[PDB]
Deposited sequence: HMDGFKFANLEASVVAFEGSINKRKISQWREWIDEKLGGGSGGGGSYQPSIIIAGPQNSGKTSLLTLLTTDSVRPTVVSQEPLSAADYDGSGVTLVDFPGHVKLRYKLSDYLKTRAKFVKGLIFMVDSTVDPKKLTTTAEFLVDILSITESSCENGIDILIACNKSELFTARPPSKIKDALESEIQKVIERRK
């Protein structure tokens, strides 16, 4: 039978939150639990998925070397790597990468769902092959405050179904 989050190598949980209302306690719990190198998590999502807002909250609203592997383009003096591949970031930091967050919308329509499921396939195909056990995933179900919002478990269930169809369409 089909794709199930349950059968991935890594753990996958789904929690609701709200950037507009700064209700992100579950996401922070998860992040605090996961957090050559200091631990990191990755924030993953398209334009307007809430990432910049999430970073401001995490840096502002809380109470408290160079490796050229796979680099074709890097700036000076900053040493900013351009076209830096997810696969290389993961290979170089290995066990210091502790998890990955997918920012998704709790109020998704059938269209937005498809393009999101394709982004998950892409990124999960890389995390899952990067090491034994993959990298643990949070599906951060934003806009929880909206009258059209669905429970995280139903978003997770709709993503899992549409991911199966994306794999089929191959």
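Participant: Could you sort out which parts of the deposited sequence are absent from the coordinates (no C-alpha) and give them as ranges from 1?
Facilitator: Those parts of the chain that were deposited but carry no coordinates are 1-2, 38-45, 75-86, 193.
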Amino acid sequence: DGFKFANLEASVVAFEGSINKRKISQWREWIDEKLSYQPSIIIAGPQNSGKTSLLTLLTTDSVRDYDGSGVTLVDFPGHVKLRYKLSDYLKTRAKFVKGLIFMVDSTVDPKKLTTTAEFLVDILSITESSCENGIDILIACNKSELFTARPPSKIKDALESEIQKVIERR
From here on, numbers count along this sequence of modelled residues.
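Participant: Between 98-106 and 53-61, point out the one with the higher average CA B-factor as the PDB entry records it.
Facilitator: Comparing averages over the C-alpha atoms only gives 53-61.
Participant: Once you work out the mean C-alpha B-factor for both 11-19 and 158-166 from the entry, which is higher?
Facilitator: Mean B over CA atoms: larger for 158-166.
Participant: Per the PDB entry, which option out of 26, 125, 142, 116 has the greatest Cα B factor?
Facilitator: Of the candidates given, the C-alpha B-factor peaks at 116.
Participant: Going by what the PDB entry lists, where does residue 39 fall on CA B-factor within its chain: lowest, middle or highest third?
Facilitator: Top third by C-alpha B-factor.
Participant: Taking the values exactly as deposited, rank residue 83 by C-alpha B-factor within its chain and report the matching third: lowest, middle or highest.
Facilitator: Lowest third, going by the recorded CA B-factors of the chain.
Participant: Lowest, middle or highest third of the chain for the C-alpha temperature factor of residue 68?
Facilitator: According to the entry, residue 68 has a C-alpha B-factor in the chain's highest third.
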